[PDB]
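Below is one structure; the comments refer to it alone.
Positions of Cβ are backbone-derived with ideal geometry, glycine not excepted, and every protein chain shown enters the neighbour counts. Basis: the model, the stated rules and, where named, an outside source; none is laboratory data.
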Amino acid sequence: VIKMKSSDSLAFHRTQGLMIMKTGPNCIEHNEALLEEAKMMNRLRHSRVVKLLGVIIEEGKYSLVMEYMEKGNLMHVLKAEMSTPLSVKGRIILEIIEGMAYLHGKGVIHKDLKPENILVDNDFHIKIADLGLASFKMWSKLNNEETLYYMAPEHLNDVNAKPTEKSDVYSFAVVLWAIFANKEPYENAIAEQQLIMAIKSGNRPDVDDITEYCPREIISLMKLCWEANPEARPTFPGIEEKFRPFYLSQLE
Ligand SMILES: Cc1nnc(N2CCC(C(=O)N3NCC[C@H]3c3cc(F)cc(F)c3)CC2)o1
């Protein structure tokens, strides 16, 4: 089931086309649990969510195979020479909301939503990725064996609090900012105790640090989504209800 061979990093699959792949002694004790987890994550099927295409479960060699995304991540695309128009940026936002509302609907809480986890195709359409394996516990353990700017403040200096749907809504708010500032927030200052405590105090990325035009509605949306109280933040279906009419009438 959903098993690949190395005989079948950018990888040209033998029969099913272009794909992205991410590659220790074999431990038969965890192979069944890894295969079960990949099958589980493979059940996540949405137009704006990255599709986990396959796995390579071989002796001492483990790999995860996802689909190809030509233009790389959202930060790479924003920091490019050619500027991205408001209509494209607004579409990217709507697609992020859709992909996140799908994940939340399937009980998946991202925990690590950031521009590096938003992949872009040639046609500037996006897909939500989990490149840091935050939603794979079995496979994350293999990766570790012998950025905090998008993190909700309830998790900063508090590892034990269980993340929620509202933890992702906070991350979205900073992605929203980054889309308009065309850069990473907080002047790219090393994640420090000064910075963590400041964010916890109430500090947010500088809205006035956005030089290009950002509509009134999008500033309100990011300010509402990065609220200190998680209960005051909207849901992704809630955000969609307001954002889809705004994109159609004003941004498209
Ligand atoms: C190279 C390379 N480096 N990493 C990988 N992976 C690991 C992440 C995988 C991934 O994005 N997903 N798995 C299936 C659905 C999707 C997903 C998206 C979310 F927004 C949240 C999720 F919980 C899961 C793709 C393969 O391949």
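More than 18 Å from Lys137 (Cβ to Cβ), more than 23 Å from the chain's Cα centre (by Cα) and within 16 Å of the ligand (Cβ to nearest atom) - does that describe any residue in the range 51-65?
Checked the range 51-65: at least one residue is more than 18 Å from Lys137 (Cβ to Cβ), more than 23 Å from the chain's Cα centre (by Cα) and within 16 Å of the ligand (Cβ to nearest atom).
Which ones in the range 109-147 are under 17 Å from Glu67 (Cα atoms), in contact with a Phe, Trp or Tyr (Cβ under 8 Å, 6 or more places away or on another chain) and crowded, with 21+ Cβ neighbours inside 10 Å?
Correct list: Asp130 only.
Would you tally the residues in the range 1-31 being of a type in the set (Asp, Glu) and either in the same structural domain as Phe136 (by CATH) or surrounded by 13 or more Cβ atoms within 10 Å (Cβ to Cβ) (or both)?
The qualifying residues number 1.
Please work out which residue is surrounded by the most Cβ atoms within 10 Å (Cβ to Cβ), limiting yourself to the range 63-90 and to residues that are closer than 30 Å to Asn144 by Cβ and touching a helix residue (DSSP H, G or I) at 6+ places or on another chain (Cβ under 6 Å).
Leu74
Please specify each residue of the range 215-252 satisfying the condition of being among the acidic types (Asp, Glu) and surrounded by 13 or more Cβ atoms within 10 Å (Cβ to Cβ).
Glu217, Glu227, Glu240
Only one of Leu103, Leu74, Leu78 is among the hydrophobic types (A, V, I, L, M, F, W, C), away from the ligand (no atom under 16 Å from the Cβ), in the same structural domain as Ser135 (by CATH) and within 27 Å of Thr235 (Cα to Cα). Can you tell me which?
None of the others qualify; the one that does is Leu78.
Could you grab the pairs with beta carbons closer than 7 Å, sequence gap of 6+ or different chains, first residue in the range 97-116 and at positive phi, second one more than 10 Å from the ligand (Cβ to nearest atom) and in a loop (DSSP other than H, G, I, E, B)?
Going by the 7 Å Cβ cut-off, the qualifying pairs are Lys111/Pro163.
In this structure, is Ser47 exposed (fewer than 15 other Cβ atoms within 10 Å of the Cβ) and within 11 Å of the ligand (Cβ to nearest atom)?
No: the conditions fail for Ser47.
Can you list the helices (runs of 4 or more DSSP H) found entirely within the range 134-244 that contain at least 2 residues being away from the ligand (no atom under 16 Å from the Cβ) and under 30 Å from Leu86 (Cα atoms)?
Those helices (runs of 4 or more DSSP H) span 165-181, 216-225.
Just a yes or no: is a residue in the range 92-99 buried (at least 19 other Cβ atoms within 10 Å of the Cβ) and closer than 17 Å to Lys137 by Cα?
no
If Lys111 passes every condition in (1) within 8 Å of the ligand (Cβ to nearest atom); (2) touching a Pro at 6+ places or on another chain (Cβ under 7 Å) but one, which one does it miss?
(1)
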